[PDB]
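In what follows, a structure is listed as structure tokens, so that the remarks can point back to it.
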Amino acid sequence: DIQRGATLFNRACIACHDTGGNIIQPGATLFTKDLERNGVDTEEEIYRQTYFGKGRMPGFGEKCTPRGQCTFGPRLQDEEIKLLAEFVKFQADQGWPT
Ligand code: HEC
């Protein structure tokens, strides 16, 4: 559900990945070229990074561990992270339409 994925992305991701970008770390946007260069232009890789995190990208998964590498907010359920990974892949493929 793209409507549902957009809503969840808007509240859990968009402040950092504004319209597909990255306000913290240049080179690590959600655009296809950056995802590709970073080895993560697949739903499975997007899911894994969202779940466990990397660098200053917090992990959101329920079993993300250790505590310090994960969001200090609530964790996301597996189904939510799957929706988000699908949504990011779809948007990146589409070129992040505005
Ligand atoms: C909400 C759940 C999300 C989702 C789906 C993603 N993020 Fe982030 N992200 C942030 C930073 C600093 C990075 C770079 C980390 C590094 O260089 O080691 C990332 C990276 C990603 C990717 C990979 C992008 C790439 O081109 O390699 C993906 C798929 C991704 N994120 C998804 C920063 C943040 C945040 C700032 C506090 C927040 C919030 C999020 N990300 C949230 C999400």
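All chain A residue numbers match Swiss-Prot; in order, they span 74-171.
Every residue, even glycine, has its Cβ placed from backbone N, Cα and C.
Going by Swiss-Prot, these are the annotated features:
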{"type": "BINDING", "residues": "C86, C89, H90, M130", "note": "heme c binding site"}
{"type": "BINDING", "residues": "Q98, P99, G100, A101, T102", "note": "heme binding site"}
Cβ-Cβ neighbours of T102 (heme binding site) (radius 10 Å): 20
Listed binding-site residues with Cβ under 6 Å from ligand 1, out of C89, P99, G100, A101, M130: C89, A101, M130
Packing count at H90 (heme c binding site) (other Cβ atoms within 10 Å of its Cβ): 20
Neighbourhood of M130 (heme c binding site) by C-beta distance under 8 A, where only residues 6 or more apart in the same chain count: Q98, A101, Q122
CB-centroid shell, 8 A cutoff, heme c site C86, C89, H90, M130, site residues removed: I87, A88, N95, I97, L103
Non-site residues, in chain order, whose CB comes within 8 A of the mean position of the CB atoms of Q98, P99, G100, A101, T102 at heme: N95, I97, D107
Cα distance (Å, whole number) from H90 (heme c binding site) to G100 (heme binding site): 12
